[PDB]
Structures are given as structure tokens and as C-alpha cells.
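Encoded as C-alpha cells, the following chain is the form deposited in one PDB entry, with no partner shown.
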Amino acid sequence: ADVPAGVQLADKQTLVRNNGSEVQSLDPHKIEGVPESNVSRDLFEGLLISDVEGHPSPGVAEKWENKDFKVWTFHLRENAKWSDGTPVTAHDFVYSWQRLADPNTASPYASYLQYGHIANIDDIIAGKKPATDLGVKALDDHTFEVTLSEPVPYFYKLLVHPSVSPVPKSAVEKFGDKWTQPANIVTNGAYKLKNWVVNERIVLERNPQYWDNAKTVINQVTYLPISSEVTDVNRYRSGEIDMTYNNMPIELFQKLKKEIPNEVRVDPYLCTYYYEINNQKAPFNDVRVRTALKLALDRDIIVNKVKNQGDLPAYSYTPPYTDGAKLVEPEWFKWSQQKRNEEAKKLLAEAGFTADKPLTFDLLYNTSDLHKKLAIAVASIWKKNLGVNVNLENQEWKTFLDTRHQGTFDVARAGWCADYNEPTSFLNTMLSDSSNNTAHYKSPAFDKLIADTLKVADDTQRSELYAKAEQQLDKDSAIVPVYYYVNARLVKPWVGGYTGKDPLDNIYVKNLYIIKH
């Protein structure tokens, strides 16, 4: 943390953050969500990290160079250490990225190494070459060298993500699945795990071996797993929570902006809220059904009337303000809602649905007051605009993500937040073989458009290709875009260091500080 001259620090430097739900895991290779990544940034540090404004900056790597955007060499700081005092080396990264690539690990982020195009990843994922063939090597204890199969100019931007953080081989090997328990875990970020009580709290304590420990200010941070946004706000306003999670309650938000304006932080965020359609399951493998659902949803009602928190109606998967995004708005988005509804009803009548044999299916969402309120509105809108019946179903976060990976679903509430600010952080997730492809969407045409983006060495051609990839997605109605998020949360006046300037919201508690109050 960089505490401003003249600010007074509180005697006690402790922080309580709500984190939305119980994490899937603390293992960097078994996670894919925001709540998971919130805790991972405090415990595990990769080659680069985001600075307080979100720019990719030195992490374990203090400096790096690239040869033709294909061979990247990272010079690791001599004093990077794990929490047991042993050195963080380039061999740690070698073992780590191989473990990420290995199909036996089953990471939901195995494909992150495809997105960066590390050499031999496709074969490794396919079981054809062992994970040891991956294009990574330690040229020495403090030098990590990555070889890609094509030039990727934005490659380093990917490296702040938890899936490319190191994991400690000895704890992993020795304790297997229990390596992340507090008595076993070893970490290299600014914090260490102190306590982990499932469905109660996660408590982290400063890691004194962290290389930048002298600038760390908060000695302890607790992450809570509260999925009720109302409860989160209540415990924030009672004094227990210093920073809510960034899901705000429909019940209280308008009142909060009028009551504690200075505390309600609202900033740009690179995430899209949509309904994920299970593209491989009838009748959702029919484009007319997906197009109907997409068109009959009234974004104006949902965004402006039912939510009303500053979100923007969405017509694409990649947020239009992502760096490099130059998207074309489909004509349906400028049509009337009435005109959307007729087209929709027309398509469903064409797909064979009547009044007598209507379309009925499940709407799966992760336990939350906000998602429940939004699914109820969407269910009534779909019912009135299109005659479809939906059965709402909630599942705890971890179970919800697993259900979507398994494909044991019809439609699900969904939200993707960028991992790096470039259109492929979204688009690569709809690739046929992506491990992040929970829409279970498979389009040869869509895959070819994205593969083409690294064949050209031009950014204009590249943006035009991302634009057409978004048009292929929309044409197929792979999803139902609903709105582009804003990052809205409550933060106490004594919490310093949070700018709200990072559109990825990659917060590190090592950057925060408690002002005396």
C-alpha cells in the first residue's frame, strides 16, 4: 500500500470483505470465479500483478522481454519467497503451468494456456503429449522462458490471472486435495491462510516472507461468503463489514445512494450479464428457440426499470468498451420491443410450439437476492411477451458452476468478467474446445474467425475479426445478452487505497489501509 502523506492510520489494521459465496477452492488450478480470484490474489502471486489502477505490473517477475511476441523471458526477483521462507523459483512456474495443462488436473482454466498459445498445449490437453512437453522452461532459478506457437503481442496481460500463479509442488504432492488446508498450505502472495471455516469465513494474515512485505499495511483480512446482497449491506451498515461484495440488492440500492452517497462506489467494469443457453440440448439446439428467448427479453425493463443501478442494455458478449472492441450493434437491438416480440413468437410458432404445447424449461441461478429478483422478472417478461413458462432453480455457487460444466441444464443465469482487457478474454471462452465453454457452443465458423486474429499482424484487421466473431455468436444466438455491468459496492470511508479505476477490479488487500476513525 502507498499511504498518502498526512493520512493517519488506525492502530488496528484489519479488514472484513464480503466475497459473495463459499469459494470453489483455494487451489489456483481448480477455480474460475470472482469470489475464488478475490482470495487467490492475496495468497498466490504470478509473474505480473495488476497495480492499484489495473495496469499489468511486476509480480514475481521484476522485468521481462519478448522476441517477436513469441518467446517471452521473465527475470524473477531474487527475494521472492513462499510463506515457509523457501525461494520462489522459475522451476515453480514450470511445474505449475504443466499441472495447469495436464488433463488429470481437470482445471476449468486448462484452456488459458491455449488462449496464450503456449507451445504444445493442444496436444497436452488432448492426452497426446505429456504435460512436460509444454513450451515453458526455467533457464535458471530466476529465469522463466515461455515459447508460444504464434506471436501474441498482448500475452503478458494474461499473466495476472490466478490460473498462471505458482503452486507449491511439495505440499501438493504430499497432501493431495488437502494441500490448501491451513496446516498444509504454503503461499507466495502478501498474505497466508490463517483460518478457513466453510460457509462461515476465510481469514488471511500478513505473510512476512512476501518480498514486498514492508509495504503491506493490513495485517488481517477476513473474506465472508454471504450470497444475500441485503444481508451483506446490513452487516456493512451494522459495522461488521468494511467492503461489501459487488452484487447490490434491488431492495436497498436506491435508498443507499441517497443515504450514503460517498460510500456507494460505482465504476466501469468489464463484465457481461447474460442468460447462458445450453446449446447442446433440445430444444435449445434449435436457433429459432434461442433467438426467440433472446429477442423477447426486454432489456430496457430489466436494466432500467427492475435493476436501475447504472448497467447498460447488452447486445453482445464482449463488452463494447473492452480495449480493442469495435462492435457492430445488430439491427434487432434498435427494433421496437413489440417488433422483437412478434419475431420471437413467430419463431417459436415456427419451431412447433403452441398454446396447447408451450415451451417450458428451467432457469438455473446461483443463490442470490439479486439473481432471484432478476430471474423472476425475466420469467414474467418471457411469459407475457412470448408465452414461455420457466421453472426457477437456485443452487449454491460451487454447485452451480459444476452444473453448467456438466451440461445438466436448460438455461442459466451467467456473468463473465474479463481476465485481461482484450476481446479474446471473452471470445476464447466460446471456442468449441474451450474449458470455459459452459454454453456448450460449437461453431467451426466462430472458431475460424478467432484463429484468424493471430494470423494477421494488424490491430484493425483484428478488431474487425472480433466484430464478426460477435456477429457469428449473435447470428447463432448462443446466449441472451442482458446488460454490461457497472461495478457497484459499498466501501467504508476509512478504507483507503481502492480507486475503482481498474475495470477488471483486480484488488489486492496488500494495497489497502485503514484510516484512523
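The first residue of the shown sequence is 1; numbering continues from there.
One more form of this protein, deposited in another entry, exists but is not displayed; see below.
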query: Motion between the shown form and the other one between rigid parts - which of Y269, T360, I125, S50 is the hinge; finding: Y269
query: Sense of the change in Cα distance from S443 to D123 in the other entry - at least 3 Å versus the shown form; finding: farther
query: Shift in CA distance, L47 and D458, in the other entry relative to the form shown here, given it is 3 Å or more; finding: closer
